[PDB]
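Asker:
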Amino acid sequence: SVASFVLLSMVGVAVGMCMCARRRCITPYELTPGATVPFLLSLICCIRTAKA
Amino acid sequence: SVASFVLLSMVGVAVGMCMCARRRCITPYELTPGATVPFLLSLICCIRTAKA
Amino acid sequence: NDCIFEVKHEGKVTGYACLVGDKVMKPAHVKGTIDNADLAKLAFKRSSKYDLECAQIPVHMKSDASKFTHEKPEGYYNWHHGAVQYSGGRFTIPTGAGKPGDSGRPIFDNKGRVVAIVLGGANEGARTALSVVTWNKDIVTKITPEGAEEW
Amino acid sequence: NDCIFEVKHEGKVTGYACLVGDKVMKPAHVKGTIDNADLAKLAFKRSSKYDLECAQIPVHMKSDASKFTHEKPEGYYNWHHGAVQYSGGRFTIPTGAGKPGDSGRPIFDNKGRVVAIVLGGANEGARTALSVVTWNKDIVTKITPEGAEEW
Amino acid sequence: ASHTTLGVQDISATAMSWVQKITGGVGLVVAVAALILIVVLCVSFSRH
């Protein structure tokens, strides 16, 4: 029960860190007029383009 | 009889995928006025050179 | 000028086809037959990606095809019903200038060259965004304003 | 200068929201809900390192958006409270030209295009250095003069 | 019994590589997610 809890907690943290990185590296693109996100970044961060 | 059918079906699918890929890859060149198909691309797409 | 052909349905006009360079371009969203029998019998390649149906022009008997350019500098262009303002990556017209059935008309520069073909547009309030087919030096591309509808 | 985009977001106004390009912008340090309803209901993305909140401009009011450029030649720029001197890559105004509550106002070039938004500034004798949000090619950056206070 | 007690878990059966594989798999996901965040923070830090 404890091992399952800890392993699940670690995964939840890994996801939270990924989501933090996803926001931090993308927000500046949303703030910038035109939302000119490059194609490769859109695939990596699972985000939509300016004309989406 | 079944093995023959499946193997033939797999080939027919592989060919269909290739034809679909060929059309999607070349469309932007044949759809565009004044455009000329790159020499290497015409060899890959198995099509006639340029517009003739 | 005068390189525009009508595309007709059984009971109405649905759009226009234009002769540009070596190819005749028609919007894929327009249903009907080209008024000119010489073009009506011509096979077209349909692409839903760019909303286009294109075919090679019978230039041996159709030498009236218009000139075209890939260049898109900021400024005003002639789109038949008036001037269209180009800025950034978008074309903009007066709100009352656009209408359904007008798709297929080209946008001309000050040299008489075709720059883009009108598909539709979007109402942005004081102005209407214009949805067009354009091209770069290599391939054809499309510009789609948010909320744009086919005309 | 001759155009107003400065929408108040509070009964007691502390800065203004504005339309720049395709995005709605306001300083992150100022509280209140943007007026005129259509902007009031927008969700905003906040970045604490830029002191900036942004949201997508609704299509129907997109035509009222201010023109935007990242280009910043040395020289003078316009704003609603006077002129701005751009020198050494920094925007400067006469002391007293701006006050707390005047933040969120765009700085315009000679073509009427927005180059920066005022967040605050530092009062150094007769001149005040401005703390602004500005843009480079495909990126948002911020300039914060030492001793600058929020407006 | 002629032997002593099993004692505190640490002496469990071999073929417990399942524990190491699961722990390693989760630890690896954390290590990668941590690296991604660190790289983004480093880039974000340099940008002003």
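Residue numbers (the working numbering), protein chains in the order written: chain A, 1 to 52; chain B, 1 to 52; chain C, 1 to 151; chain D, 1 to 151; chain E, 1 to 48. We put the beta carbon where it would ideally sit given N, CA and C, even for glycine.
Taking a Cβ distance cut-off of 8 angstroms, strictly less, list which residues of the region 58-71 of chain D are near chain C, in chain order.
Answerer: Answer in chain order: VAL59, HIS60, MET61, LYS62, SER63, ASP64 and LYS67.
Asker: For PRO94 (chain C) and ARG24 (chain B), I'd like the C-alpha separation in whole angstroms.
Answerer: Each residue's alpha carbon lies about 36 angstroms from the other.
Asker: Which residue comes first and which comes last in the beta strand (DSSP E) that contains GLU30 (chain A)?
Answerer: No beta strand (DSSP E) holds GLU30 (chain A); the alpha helix (DSSP H) holding it covers 27-31.
Asker: Applying the criterion that 16 or more other CB atoms from any shown protein chain within 10 Å of the CB defines a buried residue, is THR5 (chain E) buried or exposed?
Answerer: Flag for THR5 (chain E) reads exposed.
Asker: Could you have a look at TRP151 (chain D) and say whether DSSP puts it in helix, strand or coil?
Answerer: If DSSP states are grouped into helix, strand and coil, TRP151 (chain D) belongs with coil.
Asker: Roughly how many angstroms separate the alpha carbons of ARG48 (chain B) and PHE44 (chain C), rounded to a whole number?
Answerer: Taking the straight line from one Cα to the other gives about 17 angstroms.
Asker: Between the beta-carbon of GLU53 (chain D) and the beta-carbon of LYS31 (chain D), is there less than 7 angstroms?
Answerer: Their beta carbons are not under 7 angstroms apart, which means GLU53 (chain D) does not touch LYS31 (chain D) by this criterion.
Asker: Please identify, using Cβ separations under 7 angstroms, the residues of the region 21-47 of chain A that lie next to chain D, in order along the chain.
Answerer: Listed in sequence order: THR27, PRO28, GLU30, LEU31, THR32, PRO33, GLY34 and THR36.
Asker: Note down, one range per segment and in chain order, each beta strand (DSSP E) of at least 3 residues found wholly within the region 118-148 of chain D.
Answerer: Runs of the beta strand (DSSP E) inside the region 118-148 of chain D: 127-136 and 139-143.
Asker: Is the number of C-beta pairs between the region 11-28 of chain D and the region 101-118 of chain D that are closer than 8 angstroms three or more?
Answerer: Short answer: they touch.
Asker: Quick one: what does DSSP say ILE38 (chain E) is sitting in, helix, strand or coil?
Answerer: In the structure shown, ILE38 (chain E) sits in a helix (DSSP, three-state: H, G or I).
Asker: Verify whether the separation of the beta carbon atoms of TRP151 (chain D) and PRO100 (chain D) is less than 7 angstroms.
Answerer: Yes; because the gap between Cβ atoms is below 7 angstroms, this pair is in contact.
Asker: Taking the continuous beta strand (DSSP E) assigned at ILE44 (chain B), which residues delimit it?
Answerer: Taken as a continuous stretch (DSSP letters only), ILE44 (chain B) belongs to no beta strand (DSSP E), being part of the alpha helix (DSSP H) at 39-44.
Asker: Rank D:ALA122, D:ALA126 and D:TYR86 by C-alpha distance to the C-alpha of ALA116 (chain D) and give the top, closest one.
Answerer: Answer by Cα proximity: D:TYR86.
Asker: Across the region 19-38 of chain E and the region 5-12 of chain A, are there enough close Cβ pairs to call them in contact, namely three or more that are closer than 8 angstroms?
Answerer: The region 19-38 of chain E vs the region 5-12 of chain A: in contact.
Asker: Would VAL2 (chain A) count as contacting chain E if we go by Cβ distances under 7 angstroms?
Answerer: No, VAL2 (chain A) does not count as interfacial toward chain E.
Asker: Using only the alpha-carbon positions, how far apart do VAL114 (chain C) and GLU30 (chain B) sit?
Answerer: Their Cα atoms are separated by approximately 18 angstroms.
Asker: Where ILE34 (chain C) and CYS20 (chain B) are concerned, what is the direct C-alpha to C-alpha distance, given to the nearest angstrom?
Answerer: Cα-Cα distance, rounded: 28 angstroms.
Asker: Could you tell me the distance, in whole angstroms, from the CA atom of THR23 (chain E) to the CA atom of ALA31 (chain E)?
Answerer: When rounded, the distance between both Cα atoms is 12 angstroms.
Asker: Check the Cβ-Cβ distances between residue 152 (chain C) and every residue of chain D, and say whether any is below 7 angstroms.
Answerer: Outside the displayed range of chain C (1 to 151) lies residue 152 (chain C), so it cannot be described from this structure.
Asker: Rounded to whole angstroms, what is the Cα-Cα separation between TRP79 (chain D) and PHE108 (chain D)?
Answerer: One C-alpha to the other measures close to 6 angstroms.
Asker: Between E:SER12, E:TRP18 and E:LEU37, which has its C-alpha nearest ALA14 (chain A)'s C-alpha?
Answerer: Of E:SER12, E:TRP18 and E:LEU37, the residue nearest in Cα terms is E:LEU37.
Asker: Tell me which residues of the region 101-131 of chain C have at least one Cβ-Cβ distance to chain D shorter than 7 angstroms, keeping chain order.
Answerer: Of all residues in the region 101-131 of chain C, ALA122, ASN123, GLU124, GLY125, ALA126 and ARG127 have a Cβ within less than 7 angstroms of some Cβ in chain D.
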